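Descriptive analysis of the structure
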Amino acid sequence: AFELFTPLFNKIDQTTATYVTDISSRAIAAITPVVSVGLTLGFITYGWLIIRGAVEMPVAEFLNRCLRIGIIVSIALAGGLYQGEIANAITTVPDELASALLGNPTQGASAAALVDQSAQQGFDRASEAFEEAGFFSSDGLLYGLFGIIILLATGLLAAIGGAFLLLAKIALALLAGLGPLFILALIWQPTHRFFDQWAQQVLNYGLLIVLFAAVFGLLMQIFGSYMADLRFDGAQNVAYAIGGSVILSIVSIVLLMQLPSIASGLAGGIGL
Amino acid sequence: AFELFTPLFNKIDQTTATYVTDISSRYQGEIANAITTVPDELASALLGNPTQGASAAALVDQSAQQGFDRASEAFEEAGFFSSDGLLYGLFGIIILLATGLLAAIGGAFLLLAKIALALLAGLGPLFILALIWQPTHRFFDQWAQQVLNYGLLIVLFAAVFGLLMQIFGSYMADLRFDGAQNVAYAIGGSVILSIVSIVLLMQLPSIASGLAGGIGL
Amino acid sequence: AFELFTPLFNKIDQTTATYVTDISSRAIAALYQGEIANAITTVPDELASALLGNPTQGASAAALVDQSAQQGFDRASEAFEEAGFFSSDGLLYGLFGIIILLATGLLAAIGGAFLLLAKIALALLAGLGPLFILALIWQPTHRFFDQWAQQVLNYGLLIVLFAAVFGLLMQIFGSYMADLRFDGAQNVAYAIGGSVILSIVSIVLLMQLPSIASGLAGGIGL
Amino acid sequence: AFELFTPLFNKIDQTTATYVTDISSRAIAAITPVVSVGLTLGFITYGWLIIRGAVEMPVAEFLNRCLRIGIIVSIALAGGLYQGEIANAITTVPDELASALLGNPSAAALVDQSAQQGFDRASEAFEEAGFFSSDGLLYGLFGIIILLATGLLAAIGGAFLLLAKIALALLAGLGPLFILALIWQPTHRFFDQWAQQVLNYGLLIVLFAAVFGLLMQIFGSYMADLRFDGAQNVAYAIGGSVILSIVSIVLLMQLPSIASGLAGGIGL
Amino acid sequence: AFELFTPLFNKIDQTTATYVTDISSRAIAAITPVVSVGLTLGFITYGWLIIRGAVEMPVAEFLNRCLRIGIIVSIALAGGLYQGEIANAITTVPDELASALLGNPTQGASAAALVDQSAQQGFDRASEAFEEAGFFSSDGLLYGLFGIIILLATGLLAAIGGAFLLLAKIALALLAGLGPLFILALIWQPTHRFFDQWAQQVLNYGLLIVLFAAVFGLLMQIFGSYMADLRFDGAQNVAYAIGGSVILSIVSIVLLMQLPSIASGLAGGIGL
Amino acid sequence: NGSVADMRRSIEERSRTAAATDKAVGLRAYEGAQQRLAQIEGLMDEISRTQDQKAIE
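Residues numbered from 1 in each chain as written, not as in the entry; some residues may be left out. Chains lettered and ligands numbered in written order. Part of a larger assembly, values for the part shown. Heavy atoms only, no water. Residues with missing side-chain atoms left out of burial classes, pairs and counts.

Looking at the entry header, you'll see cryo-EM listed as the method and 4.33 Å as the resolution.

1. As for the UniProt feature "transmembrane region" (unreviewed entry) in chain A
According to UniProt, the feature "transmembrane region" (unreviewed entry) maps to residues 27-50, 62-82, 141-165, 172-190, 202-226 and 238-256 of chain A in the numbering used here. Counting secondary structure, residues 202-226 of chain A comes out at 100% helix and 0% strand; the distance between its end C-alpha atoms is 36 Å. (UniProt positions renumbered as here; feature names shortened; annotations may be inferred. Helix = DSSP H or I, 4+ residues; strand = E, 2+ residues; numbered from the N terminus.)

2. Structural notes on the interface of chain D and chain E
Tallying the contact residues gives 9 residues for chain D and 7 residues for chain E. Mapped onto the side of chain D that touches chain E, the elements with two or more residues apiece are α1 (5-51), α4 (110-131) and α5 (137-179) of chain D. Its residues assigned to classes, the side of chain D that touches chain E shows 5 nonpolar, 4 polar and no charged. (Contact = heavy atoms within 4.5 Å. Nonpolar A, V, L, I, M, F, W, Y, C, P; charged D, E, K, R; others polar.)

3. Digging into the packing of helix α3 (residues 56-80) of chain B against helix α5 (residues 137-173) of chain B
Residues and elements named next belong to chain B. With their axes 8 Å apart at the nearest point, α3 and α5 run at an angle of 30° to one another. Relative to α5, the element α3 is oriented roughly parallel. Considering how the two elements wind past one another, α3 and α5 form a crossing that is left-handed. The residues of α5 that touch α3, namely those facing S63, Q66 and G67, are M165, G169, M172 and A173. Looking at side-chain class alone, the contact of α3 with α5 contains 3 nonpolar, 4 polar and no charged residues. (Axes fitted to C-alpha atoms, helices over the stretch in contact; angles between N-to-C directions. Parallel < 35°, antiparallel > 145°, perpendicular 65-115°, else oblique. Left-handed = near helix turned anticlockwise from the far one by under 90°.)

4. Points about the packing of α3(B) against helix α4 (residues 86-129) of chain B
All names here are of chain B. One can describe the packing of α3 onto α4 by two numbers: an axis separation of 7 Å at closest approach and a directional angle of 165°. Our classification of the angle between α3 and α4 gives roughly antiparallel. Relative to α4, α3 is oriented so that their crossing is left-handed. Where α3 abuts α4, its residues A64, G67, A71, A74, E77 and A78 lie against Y88, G89, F91, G92, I95, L96, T99 and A103. In terms of residue class, the contact of α3 with α4 is built from 9 nonpolar, 4 polar and 1 charged.

5. Some details on unusual backbone geometry
Even without being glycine, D135(D) reaches a positive phi, approximately 55°. Topologically, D135(D) is positioned in the loop between α4 and α5. A positive phi is found at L272(E), a non-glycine position, where the angle reads about 50°. Residue placement: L272(E) occurs in the segment after α7 (238-269).

This is the structure we're talking about:
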């Protein structure tokens, strides 16, 4: 059978798990006990000093500031449960792509799966064209050119969409890993802009992934159906079929090329 | 016959209707308004010759059909000459690619305009309610700016794309592989028309965005 | 003969007249025709001899583009004929013809389309002119006139630059292709390589021009 | 064997050494003694003149400002150790590309190996085309597609690596002129801009080395498994090749914008 | 031999001379005597009027202002030596591209010449491929495709580089021709920005011409040597050779594409 | 054996020489056939003058 997107997605997920997620988890685990005891002892010390000589607002400002620091540090250190958030993304892709808009019930499967199926339909048509080229020894390279055009259309469309999905996933993994540092930026007023920028990028790539998931799934399913109905029989005009293939491919490609600017623009439009 | 843009447009329109329009409703007037703004403008705004009645997808399909029919004739000639015939195959590939690329660019920007306008119309009421409170005024301002952007987009592509695609369709409809027409001249005219139309269309979106930004809002 | 840009330009001019210009003239009457004829004739005057140097008698931009593209397409047709002679071992000449045809078509289309864009934009701006000339009556609407003037300057500089540079480049390409021959004395690789190099050089030079025009228009305050 | 990136990198390194690193070393070495003595004599003379002339605060103003000028000049003239920095950049590329993300224990090597696998598949396709005299140009087209995919992926990645290396070398060479800019307040912006560009191209080089190594290794393995036997579908194999190529290409395209954006995001 | 960049550069140089440089030279020469006498007589007149009747600062302000005007006019009239600067540019390109970074002894060649030689090597390899295609009547179009690939790679690299060299030369010629109008713009404060912008563009295109000269010379020489080693014998892998050709071409094309942005950015970074 | 260029020259020489050899063999053989016809005609001239039975046998 055709299995390309499943191994590729598993490989990229293993790579990101080993290099971003696991390192972030290990780094948080290494600092959590020491920082916890140090944060507690520092709070105790500063309390004693402020009640014994330093400038202090005893009950309002000290409690409020301590609670702010504590809550923010609790969330950032809690980002140490990264394995849950990485699995959440890897499962957010298939749950949405499986049945959210397909309508036809699917028992259970993944997401890239659909890109693989549509690309398989296109490549099967290209393979049939190559077979026809093989039949006609000479006067057969025309079918070879037909197969090349089908193969290129399918490959360009699938590669464009899957690569932007990969970019979104990698960026989200890296941002989730680096999360706790920028959650700590909330504690320092000079360092609030770092959290603002991190949040803006997170929103950018989340919108990015939503838009590609939805639109790419729709367009690739349409392309897959069209190619699955293509035949080199005596009843279908070859020019009409190949032209429809290239038109669908290019239409989908240019739409998908407009989506990233839309995502970045929306992220910028929200203040943050 | 060649029917690609009509089914694709119907598919996208029904998908949009079931999801964005229907969810927001539970609108149809404005959705039909956009879906009819495309054909009424593309039919007769700049064509000059009075067409009886059709849609944007219809005209794009007819012009692409003329182009693809010429590619099919080139493929048939390639089939006749078993060897020394792949030259006609290359001619057919060039014709097919030119026609497909022009039609695809135009139809895809039309699709983007329609989808964006439908999504904005669906999300409209939130941004109309944004006018209640002074801090949330900028949300309505941005929504209005995007609405104007994509409306200008759809107007410009409707008009210019209809004109250019009709010109290309007529030119290809007069193309023939007889002994009286120069093949090089014909294929060169085809590629020049296609490229001129695509690059002209490539300039339109920036124009639409620039006008939308130029109006204050 | 090869006549593509002349009919296309005439078609676009008739459309632009009947829709943009005549409507504006009729509305105001209820003197654009001169401003439209001047815009159309600005292109011919510059292309014929301003930077071309060779004293062409009299022609239009579409004319020169058509002649040079005809030279290129004639060479492509000769390549196709040679491909027809060699039944097998002849598709190499077909590929040569495809290369020549694509180079000539790409360069001619890029310059012609930018010329068409300039003409269409200038005609539309001239038609909408009075609405923005009236904008000087009220102070808040002065910015509309400023923007309209800036865009007019942009597209006028655009049309001047493409006229001059495109004519020079396209005539150079036409002469080079007119000297190309598939005889036994000329290296086919050298000829096709010169063709593609000239085509690509001209194309990327034309690509840099619109940014220059917009930048100059922005540089002038307005 | 296939050796193309090793000779090219060595050639470029020689050109950068002879013409951007040595010339800077020659200029700094020539001026170091004379500028050193002149600065010392100027310190002495200015101290005497200000204690016998224009008002100055010897305890704080003179010593502190002289210390600032001295530290800045010391750092700027320590750029005369250009060979260390150029070799540090030369060592940087391979040490990271070899095992940082590969997990398998120079960088002008992995790209060559993956491209060799791809071009070997293309060569096998060309050989099959040779076998079928007619009805064989289909295999020629297959070989051309494989060749173009492998070549364009490798070329994009390697060319951006080359851009990063050349830019970092030029910035390191021009460094001292910009560390000296800390001396005067009006010229501080020049150091800020130089630092921002250094950060830009460092982030560029890290991102390209890591991601490009991963992607090119994946592509190389995939092409190394490609075979024109009777058991593998040709369309599937060529399509996977083009999809992997294009995916890697566009992913790499996004990276320069990312590097420039992070460099701008850091204040500097 | 392959000679394309030399004739093109000579054509552009003759055009830019005869119009931009020669018009400026003759116009300056025609006004130089008239402006000289007029400025002298105006200085005498204003001196007499200020010493008899008008408001004057006799020795400091009048002499200093006359000196400023005289120095500025003398520099602006030194533009009448246009041929010197046009030759300066046309020789700045070859001297730098020849041996500044190549490190090879130079007989005294130039830019168009070196581009022509390297492109000749590439096109000779393409011609040999075409010859091999001619030998194998059928089963020979593979060599035709090889030749097309070689031809396209060589041509596109040479075309990009030479076209940016041409753009730099044309832009510098126009700027030098229009220089006096912008040097007179320093007289009045409102028109100062015109001179600032003119200077910025001069710096932009000078940096462009420097960068393209150097880098394009190096890259095109490397490509020429590589193609000069290429052979269709039984000892070299055709796939390896063609792949190296396309890789070198694309590597050079994208590196060069980064250069215009770098030049514009440096010009903007310098205040001006 | 040898360089690929030598292989090319040898193959082209073989092709041209083969075509020329075919033509030359055909031409000379046709000359021989015409002489053969003359000989047959001569044998029939002898048939007219045959006298005894042994002679004609």
